[PDB]
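Naming convention: chains lettered A, B, ... in sequence-line order (proteins, then strands); numbering from 1 in each chain. Indexing begins at 1, ligand by ligand and atom by atom, following the structure's order.
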Amino acid sequence: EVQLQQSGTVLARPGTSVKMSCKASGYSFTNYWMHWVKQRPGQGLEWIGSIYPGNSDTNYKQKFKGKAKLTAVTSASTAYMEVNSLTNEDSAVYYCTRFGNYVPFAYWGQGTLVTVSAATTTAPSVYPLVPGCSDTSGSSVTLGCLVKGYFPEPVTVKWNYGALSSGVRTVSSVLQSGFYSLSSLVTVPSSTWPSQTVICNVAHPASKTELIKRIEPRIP
Amino acid sequence: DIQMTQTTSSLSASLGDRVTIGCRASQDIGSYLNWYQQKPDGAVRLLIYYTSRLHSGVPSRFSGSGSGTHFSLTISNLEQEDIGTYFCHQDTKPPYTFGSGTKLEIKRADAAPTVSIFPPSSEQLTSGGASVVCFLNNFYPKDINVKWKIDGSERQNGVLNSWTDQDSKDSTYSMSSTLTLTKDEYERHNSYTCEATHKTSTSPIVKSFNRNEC
Ligand SMILES: CO[C@H]1O[C@H](CO[C@H]2O[C@H](CO[C@H]3O[C@H](CO)[C@@H](O)[C@@H]3O[C@@H]3O[C@H](CO)[C@@H](O)[C@@H]3O)[C@@H](O[C@H]3O[C@H](CO)[C@@H](O)[C@@H]3O[C@@H]3O[C@H](CO)[C@@H](O)[C@@H]3O)[C@@H]2O)[C@@H](O)[C@@H]1O
């Protein structure tokens, strides 16, 4: 019932600013402190500050004074954070979270990923992973999609628009020479493939791309 | 600021066993210590607040203890669903501070990988690139070694290795090793082999193909 819905991923150049949102529902927005938390890989969790939307009172961890700015708009039931003078150290997942009453951070947003870089957005290239011509058969088969050369994060992969979730294995992205790659594999019954359409759906929010790759037997 | 230190950054334990995750404060924080669990999708959940009080839908297996400077979250009998990263949090007053987290893995019965090898697709080849993928499926423990041989010779350059998160249901891992070459490099050789070395066997699991398709 209580929900905190944060805005989508952002790519930003060094020295610029970003403003992210946290829309609250299922409670009286103006009667609870909204806090912001920074998660940078290898830096645990860091408290930035909080705001009480009822009277606009704010507090900050000293280092974020003049760096992050917290606002709230009552009519929109939405809390905002604006972070200026962006550096690579500002690349992180940022969470909004509600405090109280007589409990601490009981409700969390899903997090907003910020990537600070001078590199422009690059959509992934997608290639099928298909068993070789001279491969040993069997009741099951493993198929996949190679997702290559994208920037920034993230990429999500689904199979058959989400209908195929069992036997799915998607490895973590790896960063190499400025670009990301990952791979997703699925093991399905030998009577489902090549009998049915097996598609991997590759989404890259930053480029607003929604790609499909049909997995088809090799050319005889 | 109050420095929050967690006992260890990673922990591995068997199902049914008692698990303790520790946290220490640089000053006395009384009972103002909270525990959060983060899942691999980044979702954060409050489990324990005010040192020892359980929160919403938190199983009775969880308990909390504290002296004011030293704290721990205890799971009485580890369950499959307990996988994740656990963070402590002091909220005595601003500025709030957090522990750096303890990643909890399930210790599982040893499982050998199932290995698959994937030649480059015609689609990639026609565009000038060639990736060869070795996929190692559903193994435990996580530690695993992949060796590439091209025409019998070891290659280490242009290889990218990556793992899945531990399987939320059966606690296994999977991983892929991707060998990147140009089409011209790829067409200059015939045999493509990956050898998977895992503690489950002293002999490597070997998968190969010949570019000649024979
Ligand atoms: C059991 O331990 C757990 O509870 C602790 C949290 O408990 C507090 O939650 C309620 C709200 O607390 C916030 O609001 C207060 C006033 O603004 C702030 O003290 C507190 O904000 C936090 O402190 C920083 C500002 O100093 C902010 O950054 C941070 O968010 C407190 O309860 C009071 O609020 C509710 C509703 O308003 C009232 O019921 C209660 O107030 C009391 O009742 C009278 C008015 O109704 C008033 O006279 C009394 O104050 C509660 O203390 C959590 O840390 C532990 O895990």
Side-chain angles (χ1 to χ4, degrees), chain A residues 1-2 4 6 22-24 26-39 45-74 77-83 94-109, chain B residues 1-4 6 21-38 44-58 62-74 86-99 101:
Chain A
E1 200 254 346
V2 174
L4 301 172
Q6 298 188 250
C22 170
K23 178 162 177 67
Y27 76 94
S28 66
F29 181 62
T30 59
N31 291 112
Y32 292 88
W33 289 83
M34 190 71 79
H35 295 240
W36 295 81
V37 175
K38 173 178 173 179
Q39 190 170 32
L45 298 161
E46 182 172 33
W47 185 77
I48 296 167
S50 63
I51 188 174
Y52 193 76
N55 63 10
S56 315
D57 281 359
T58 56
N59 52 44
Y60 291 94
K61 186 176 189 172
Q62 185 70 17
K63 63 193 275 190
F64 290 101
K65 291 178 177 174
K67 172 71 171 175
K69 176 75 177 193
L70 308 183
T71 55
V73 182
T74 301
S77 189
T78 303
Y80 301 89
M81 177 167 72
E82 190 170 26
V83 187
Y94 294 90
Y95 291 93
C96 67
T97 176
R98 197 197 84 170
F99 188 88
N101 289 329
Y102 300 98
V103 290
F105 296 147
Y107 300 99
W108 291 68
Chain B
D1 292 14
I2 302 163
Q3 189 60 228
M4 302 306 301
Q6 295 190 219
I21 294 168
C23 176
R24 182 209 278 252
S26 64
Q27 75 157 66
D28 199 314
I29 60 167
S31 300
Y32 290 92
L33 191 280
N34 315 307
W35 289 100
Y36 304 95
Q37 179 199 71
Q38 185 176 48
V44 179
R45 171 183 195 206
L46 174 64
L47 298 186
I48 306 180
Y49 69 99
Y50 209 56
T51 298
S52 53
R53 317 304 165 113
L54 297 197
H55 202 240
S56 312
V58 176
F62 284 88
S63 61
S65 64
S67 77
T69 56
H70 296 75
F71 299 83
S72 65
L73 172 148
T74 302
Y86 293 74
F87 298 92
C88 61
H89 166 225
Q90 75 80 18
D91 60 354
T92 56
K93 56 177 164 193
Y96 298 168
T97 49
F98 291 90

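Shown are A:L4, A:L70, A:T97; of these, the side-chain contact (heavy atoms from CB on, under 4.5 Å) with A:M34 is made only by A:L4. Checked against A:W108 for a ring-ring contact (aromatic ring centres under 6.0 Å, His included), the options A:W36, A:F99, A:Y95 give a single hit: A:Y95.
The nearest protein heavy atom to atom 50 (O) of ligand 1 is not closer than 4.0 Å. Taking a distance limit of 4.0 Å, we find that atom 14 (O) of ligand 1 is approached by some protein heavy atom. For atom 53 (C) of ligand 1, the nearest protein heavy atom is under 4.0 Å away. At least one protein heavy atom sits closer than 4.0 Å to atom 10 (C) of ligand 1. There is a protein heavy atom less than 4.0 angstrom from atom 32 (O) of ligand 1. Under the 4.0 angstrom criterion, atom 4 (O) of ligand 1 counts as having a protein heavy-atom contact. Put simply, atom 44 (C) of ligand 1 has no protein non-hydrogen atoms near it, under 4.0 Å away.
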List the steps, then state whether ring-ring contact (aromatic ring centres under 6.0 Å, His included) holds for B:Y36 with B:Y86.
CA-CA 6 Å; B:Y36 304 95; B:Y86 293 74; over 10 Å; no
A:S50 and A:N59: side chain to side chain donor-acceptor pair (under 3.5 Å), yes or no, with the steps?
CA-CA 5 Å; A:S50 63; A:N59 52 44; 2.6 Å; yes
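In terms of polar-atom proximity, B:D91 is counted as a contact of ligand 1, with an N or O under 3.5 Å from an N or O of the ligand. Residue A:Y102 has at least one N or O atom closer than 3.5 Å to an N or O atom of ligand 1.
Residue A:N101 approaches ligand 1 through these ligand atoms, each under 4.0 Å from one of its heavy atoms: 9 (O), 10 (C), 11 (C), 35 (C), 36 (C). Close contacts of ligand 1 with B:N34, meaning ligand atoms under 4.0 Å from a residue heavy atom, involve 56 (O). The contact set between ligand 1 and A:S50, taken as ligand atoms under 4.0 Å from a residue heavy atom, comprises 27 (C), 28 (O).
Look at B:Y96 and you'll find a heavy atom under 4.0 Å from some atom of ligand 1. Residue A:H35 places a heavy atom under 4.0 Å from ligand 1.
Heavy atoms of A:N59 found under 4.0 angstrom from ligand 1 belong exclusively to the side chain.
The shortest distance between side-chain heavy atoms of B:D91 and B:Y49 does not fall below 4.5 Å. No side-chain heavy atom of A:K61 sits under 4.5 Å from any side-chain heavy atom of A:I48. The shortest distance between side-chain heavy atoms of B:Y50 and B:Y32 falls below 4.5 Å.
For atom 18 (C) of ligand 1, the closest non-hydrogen atom on the protein side is A:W33 NE1, 4.0 Å. Atom 12 (O) of ligand 1 has its closest protein heavy atom at A:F99 CE2, 3.8 Å. The protein non-hydrogen atom at the shortest distance from atom 55 (C) of ligand 1 is B:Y50 CD1, 4.0 Å.
Contacts of B:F71 classified as ring-ring contact (aromatic ring centres under 6.0 Å, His included), with partners at least two apart in sequence or in another chain: none.
Shown here is B:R24, whose CZ atom has no more than 12 heavy atoms of other residues, nucleotides or ligands within 6.0 Å.
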